[PDB]
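Colleague: pasting the sequence and an experimental structure:
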Amino acid sequence: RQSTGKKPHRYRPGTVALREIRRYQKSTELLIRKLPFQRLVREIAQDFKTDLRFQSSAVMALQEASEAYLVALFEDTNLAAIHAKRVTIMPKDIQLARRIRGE
Amino acid sequence: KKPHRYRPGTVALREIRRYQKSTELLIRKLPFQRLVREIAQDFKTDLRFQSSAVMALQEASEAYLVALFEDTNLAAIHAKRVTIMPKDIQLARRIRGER
Amino acid sequence: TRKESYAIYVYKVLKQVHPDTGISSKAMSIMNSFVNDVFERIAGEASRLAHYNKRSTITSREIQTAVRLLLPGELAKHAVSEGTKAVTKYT
Amino acid sequence: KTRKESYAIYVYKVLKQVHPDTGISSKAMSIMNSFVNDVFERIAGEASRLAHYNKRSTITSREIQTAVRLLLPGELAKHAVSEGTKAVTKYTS
Amino acid sequence: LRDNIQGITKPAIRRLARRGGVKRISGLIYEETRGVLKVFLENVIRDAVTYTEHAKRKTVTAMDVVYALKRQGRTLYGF
Amino acid sequence: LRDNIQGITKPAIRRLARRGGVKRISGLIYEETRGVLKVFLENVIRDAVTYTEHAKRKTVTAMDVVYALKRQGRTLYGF
Amino acid sequence: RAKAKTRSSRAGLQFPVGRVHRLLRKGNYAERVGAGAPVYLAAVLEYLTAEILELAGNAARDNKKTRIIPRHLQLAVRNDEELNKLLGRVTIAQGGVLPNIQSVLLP
Amino acid sequence: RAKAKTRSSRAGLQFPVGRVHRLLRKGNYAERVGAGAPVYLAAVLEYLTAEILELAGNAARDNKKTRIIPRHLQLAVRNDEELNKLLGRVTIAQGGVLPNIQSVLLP
DNA sequence: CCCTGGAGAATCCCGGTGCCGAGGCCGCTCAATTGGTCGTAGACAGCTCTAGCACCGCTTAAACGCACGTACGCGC
């Protein structure tokens, strides 16, 4: 308490984005890191009940389920974006997708 | 004289207010019943339907179509539009997983 | 024949909470179907909960877990409190 | 130790029956086992519901047939019904 | 029985969209709504047909349609 | 444990959108996606907590997570 | 044979405990059903019934009606957020939807 | 007694009829389980397993891999329209989604 | 301003390691299989009777269509 205080490549946007789309769509490995998601899970669980533990496989299942759900939500958001004559997604598109889904 | 000439949208709002508070069935009973009969004819030629079965089918179809129209209108407002489009219906079915 | 119905219990519950209002046949049928569907949902959730941990019985904790799994928000806590009060008054 | 029921060797035998030149990983095996468990639970629950709605105490082959027509859509359901009918006729022969 | 998909008339679809709060209704969305209704009916009525066939009955009751809608997460009350 | 909602990093959400075929990703999508993920986790983890409290266990297994995902129509295989 | 007292009256309840117990027993749900399970189930059903009927009566008084009509029941279900989330997959006959209009739709 | 011939070989089946019957009996579904119901269930399960494994093997051959990985199973489920309608509400771990690109995305 | 030739960098086919998870094998034991025996749900025959199928008057609100223009869909 006691303290007083030559020319570069220059890739245009969109092509590398489609390259990453093609790379991760055919990929298999998990995009979200393990320990940040685990710490978020523990922080969320501590609001409901304290002194709670999660096993490694339960954290794995939660991470894969959340990744699949967010991937499906992003697919619906992008579909609404092209539906709205756009290529950039907006949070209102996410809210619209959640409202249509009923959640 | 001149006619009153309601602007486009006012009678739409009047119909929205009238039907959003009235619980009457908008689809006529006999054409929906006969559509149900020809649809069931493809699965069973010797089949009959109770009146309350057609009533339940009509109410469920009306509620499903009203929810689909609500999602279609919300997607249209999301897409800077006020007119509902078939592509909005396709998007609503694809998000709901029925497409 | 005799058909089981939940009309009179819902009617006396209505008279307990609001004695100045009545009910119709269609409203009674909606309420009967609603209570029956909630019955099947909660009973099936309790049956699955018993089947998960090799439990051969369904207790009040089964119904409480089914209520917290199905009912969201403060509705589940209010239903759990009402069930606990009914259980304590039963014994 | 404790014997846990699983369909690993059965799905493996099915794979060797239809594709005698490939293998299967344990993660894919567990995914197939979870799929079999979920489909078994869904069809069993549908058959139990169908028995309950007709006030009938037993589950027959017609209950499973109605369950797989209700759950599976289209040509998959028709082929499942044909395979089930063939298996019932072979079992009773 | 043929051409009963036109039995869902244009003002019926108009009223259905007015219940859903739609401002403007296009001219091409009536056929799409008829197709969506046809798909939904070809699912639900077929499920009720299977229920009636298992129920040893030749008349589709309201109860069979009730659990046919229930099994797809669209449970209907009052029948 | 505080400020754990920022553990899901911005390029993690970018990669998740890349898996979904999203062309361009806005700067305001990250907070909304974090909120949606927080709501989904606050539902699923709470359901798993109730499942674990029912079985008189102190740590939550993957089977309870599978049951909590299955009861909401989002069944998960492989666990 | 002593005096026949129902379990609903002993628990201070109106919903039938015995009928719930019989439907649980003949509903092939479990091999055994406990004593407190039908009491808890009937208490939860009674609380949900009382809440829904109270909200329906409030909606009927808002509509100057003294008889509960399925429009009032639909309004009561969709007005409560908990009831709307719980009954999201529920179709209600003769109920319609809420009379809500979007902001951009107004002239 | 006689030879303990399995019911799977009697019906020309590979999935266990006895295990299915036991799981139906202890699974709190019905008071009784018929004779042909486990045979029908095992036949349906074997047909679904064979179709899914054949599609997964075809997807693995397109990728030219010998061992079946969860990517092959996810591709098998999502590529088939019948399996897509059957498993629309199914999340498959370690599988991703279909690698499809919208028409307006390419420049 | 558009078409065509040359090159930087992410991506794809390929040779060599090997290793760690997948395939096959040893028991054996606990769940799968065989036979009998009843209570009992279920298949089958006759009655019926209350609700559904088909047609008819009619009339009237519901629906197809044409004329006009201004909010809105679409192009820039």
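Modeller: Received it, and whenever you're ready, just let me know what you need. Numbers count the residues shown, from 1 in each chain, chains lettered A, B, ... in the order given.
Colleague: now chain G against DNA strand I: closest residue?
Modeller: Using Cβ to the nearest atom of the strand, residue G:107 is the residue of chain G that sits closest to DNA strand I, at 7.5 Å. Heads up, the C-betas are built off the backbone N, CA and C, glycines and all.
Colleague: so that residue touches residue B:12, yeah?
Modeller: No: between residue G:107 and residue B:12 there is no contact under Cβ atoms under 8 Å: 10.0 Å.
Colleague: please say which of these two ends up with more neighbours.
Modeller: Neighbour count, other Cβ atoms under 10 Å in any protein chain shown: between residue G:107 and residue B:12, residue B:12 has more, with 20 against 8.
Colleague: next one: the more buried one from chain E, what distance?
Modeller: In this view, residue B:12 and chain E are 6 Å apart by Cβ to the nearest Cβ, to the nearest Å.
Colleague: what is the burial count for the nearest residue to that residue once chain neighbours are set aside?
Modeller: Leaving aside its sequence neighbours, residue B:12 sits nearest to residue E:23 (Cβ to Cβ, 6 or more residues apart in numbering or on different chains; 5.6 Å). Residue E:23: 24 surrounding residues under other Cβ under 10 Å.
Colleague: let me see the contact set for residue E:23.
Modeller: Residue E:23 makes contacts with B:9, B:12, B:73, B:82-83, G:105, as judged by Cβ atoms under 8 Å, 6 or more residues apart in numbering or on different chains.
Colleague: which helix or strand contains residue E:69?
Modeller: In this assignment (DSSP states H and E), residue E:69 forms part of helix E:62-70.
Colleague: between the helix or strand harbouring residue A:98 and helix B:86-96, how big is the angle?
Modeller: Secondary structure from DSSP H and E places residue A:98 in helix A:91-101. Orientation note: helix A:91-101 sits at an angle of 70 degrees relative to helix B:86-96 (axes from the mean of the first three to the mean of the last three Cα atoms, to 10 degrees).
Colleague: quick one, strands of chain A?
Modeller: A:53-54 (DSSP state E).
Colleague: need the residue closest to the centroid of it.
Modeller: For chain A, the residue nearest the mean C-alpha position is residue A:70 (5.6 Å; Cα atoms, centre = their mean).
Colleague: give me the residue from chain E nearest chain F.
Modeller: The minimum distance from chain E to chain F, using Cβ to the nearest Cβ, falls at residue E:73 (7.1 Å).
Colleague: so that residue sits right up against residue G:89, yeah?
Modeller: Yes: in this structure, residue E:73 is within contact of residue G:89 by Cβ under 8 Å, at 4.5 Å.
Colleague: close to chain G, is the helix ranked longest in chain C?
Modeller: Longest helix of chain C, by residue count under DSSP state H: helix C:25-52. Yes: using Cβ under 8 Å from any Cβ of the partner chain, helix C:25-52 reaches chain G at C:26-27, C:30-31, C:34-35, C:37-39, C:42-44, C:46-47, C:50.
Colleague: picking up where we left off before, distance check, the residue nearest to residue B:12 against chain D.
Modeller: Using Cβ to the nearest Cβ, residue E:23 is found at 36 Å from chain D.
Colleague: quick check, central residue of chain G?
Modeller: Centroid check for chain G by Cα atoms, centre = their mean gives residue G:49 as the closest residue, at 3.3 Å.
Colleague: now do the buried residues in the strand or helix carrying that one.
Modeller: Secondary structure from DSSP H and E places residue G:49 in helix G:36-62. Within helix G:36-62, the residues that qualify as buried are G:36-60, counting by 16 or more other Cβ atoms under 10 Å in any protein chain shown.
Colleague: try stretch E:3-12
Modeller: For stretch E:3-12, by 16+ other Cβ under 10 Å, it's E:4-5, E:7-8, E:12.
Colleague: for chain A, give me its nearest residue in chain G.
Modeller: Here chain G gets closest to chain A at one residue, residue G:88, 5.0 Å apart by Cβ to the nearest Cβ.
Colleague: next, that residue: secondary structure please.
Modeller: Secondary structure assignment for residue G:88 (DSSP: H, G, I helix; E, B strand; the rest coil): coil.
Colleague: for the nearest residue to it once chain neighbours are set aside, grab phi and psi.
Modeller: Distances taken as Cβ to Cβ, 6+ apart put residue A:102 closest to residue G:88, at 5.0 Å, once the chain neighbours are dropped. For residue A:102, the backbone dihedrals (degrees, to the nearest 10) come out as phi 90, psi 0.
Colleague: show me the strands in chain E, by range?
Modeller: Taking DSSP E to define them, one finds strands in chain E at E:24-25, E:59-60, E:75-77.
Colleague: run the chain-centre distance for the longest one.
Modeller: Relative to its chain's centre, strand E:75-77 lies at 14 Å (Cα atoms, centre = their mean, to the nearest Å).
Colleague: quick one: strands adjacent to it?
Modeller: According to DSSP bridges, strand E:75-77 forms sheet pairs with strand G:90-92 (parallel).
Colleague: what sits up against the strand it pairs with?
Modeller: Residues contacting strand G:90-92 (Cβ under 8 Å, 6+ apart): B:59-60, B:63-64, C:30, C:34, C:37, E:69, E:74-78, G:70, G:73-74, G:77.
Colleague: report the contact partners of residue 59.
Modeller: Because you didn't say which chain, this covers chain A. If you count contacts by Cβ under 8 Å, 6+ apart, residue A:59 has them with A:34, A:37-38, A:41.
Colleague: could you do chain C instead?
Modeller: Applying Cβ under 8 Å, 6+ apart, one finds that residue C:59 lies in contact with G:34, G:36-37.
Colleague: go on, residue C:63?
Modeller: Residue C:63 is in contact with C:42, C:46, C:83, G:36-37, G:40-41, G:44, counting by Cβ under 8 Å, 6+ apart.
Colleague: same question, residue A:84
Modeller: By Cβ under 8 Å, 6+ apart, the contact list for residue A:84 reads A:93, B:78-80.
Colleague: distance of the one residue sitting closest to the centre of chain C relative to residue H:106?
Modeller: In chain C, the residue lying closest to the centroid (Cα atoms, centre = their mean) is residue C:39, at 5.9 Å. From residue C:39 across to residue H:106, the span is 54 Å (Cβ to Cβ, to the nearest Å).
Colleague: my guess is residue G:34 meets residue C:57, correct?
Modeller: Yes: with contact defined as Cβ under 8 Å, residue G:34 counts as touching residue C:57 (5.7 Å).
Colleague: one step back: now do the phi/psi pair for the residue nearest to residue B:12.
Modeller: Taking degrees, to the nearest 10, you get phi -70, psi -60 for the backbone angles of residue E:23.
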